[PDB]
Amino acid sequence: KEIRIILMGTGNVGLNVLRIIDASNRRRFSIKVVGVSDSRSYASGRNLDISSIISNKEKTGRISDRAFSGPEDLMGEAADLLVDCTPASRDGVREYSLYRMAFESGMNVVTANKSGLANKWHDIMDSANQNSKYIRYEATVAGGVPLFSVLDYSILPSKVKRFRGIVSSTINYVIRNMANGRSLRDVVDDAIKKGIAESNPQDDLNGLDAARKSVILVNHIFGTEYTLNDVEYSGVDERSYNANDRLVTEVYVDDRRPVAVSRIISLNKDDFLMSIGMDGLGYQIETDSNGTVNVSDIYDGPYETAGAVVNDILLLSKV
C-alpha cells in the first residue's frame, strides 16, 4: 500500500524525484515522503506536502526555513528507505556513514550518488549484509538508461562477458561539441543548462565521473570490491578531437582478472555506440545465454535519472 522515504538532496535530480513521486501518487502504490533535505534546510513529518515543498524550493531556493545539521535531523520519522541525491564527496566517507546510519535504522537505500560505492563498496556492502538491508543504484551509471535493472531481471541465465558503454554524459558532450569547434565554456554552459554536469564539474572533465561508474560496474558484474585505485581513466586534454571520438567505459576480464577502463576511443561507423545521439547514453552487454544486448536513450537528463531513482524505490517496495 505505501512506502515511506527520506530524501537527501533536492537539486536537479532530487527535485525531479519529488515531481515524479507527486505525479505518481496522483494517478494512484503510494510513496510517502517523510523527510527531505537540501544543504541548508529540511522538512520532517508524517504528512509532508510534496507539491508545496517543490514550490517552495523552486521559488526560494530552500526546502524550508528550518536549519539542517545532518542526517540525524531526519531520523525522527519511521521510514522504509533513504534516497541519496547528494553530490559526490571526494572519498565516499560521508555516503558510507549515511548508508550505515540508514541500514542500522531499519532502512534500505537507493542512491544516485556514485562516490560512496566507488570508494567504499566493501564497507557499504558489509553494513548492508550485517543489517540485512539492500542498496540499489540504478541512477549511478548512465542516469536514465536502464542498466542494473536489466542486469538484475532481464538476463538472469547469463554470465556477462563484457560491458562497453557511453555512460558519463558531460565528458562525452564536451568531446563531441569541442570536435565541432565549440569552446569549453560554451559547452559547459550547455551541460549546466541541461542539468547533466556534476556539482564539481572538474569531476566530469578529468574523467573521475566515468571512473566512479566503472568501479560500480566492475564490482556489480564481476563481484569484486575495487575502488578508484583499481581502475584506469582519462579526462579531456588539449587535443583536437575527431567526430568519432567518445569516452568509452569498458569492464571485462583480462588474464583471469576483471578490469575497468574509461578511455577516449575513435569508434567505427558500425559500432552500436555510434548510434547514440548527442543527448543520450547507452551501452552493450555481451552475455553467454542472452546474446549481445544494446540499450540506450534519446535524452538523458536529471528528469530521466530521477525516474531511475523512483524505479529503484518501487523495486524495493516489493521486498
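Throughout, we count residues from 1 along the sequence that is shown.
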| query | finding |
| --- | --- |
| Continuity check for residue 28 and residue 29, given as deposited residues lacking coordinates between them | 1 to 3 |
| Between 125-133 and 72-80 (mean CA B-factor, as deposited), the higher | 72-80 |
| 83-91 versus 230-238 - greater average Cα B-factor per the deposited record | 230-238 |
| Criterion, highest CA B-factor; candidates, 243, 221, 109, 118 | 243 |
| Given 249, 105, 172, 183, the residue at which the Cα B factor reaches its maximum | 105 |
| Residue 16 - which third its CA temperature factor falls in, relative to the rest of the chain | lowest |
| Chain third (lowest, middle, highest) by recorded CA B-factor, residue given as residue 58 | middle |
| Third assignment of residue 276 from its chain's C-alpha B-factors | middle |
| For residue 50, the third of its chain into which the C-alpha B factor falls | lowest |
| CA B-factor placement of residue 295, once the chain's modelled residues are sorted into thirds | lowest |
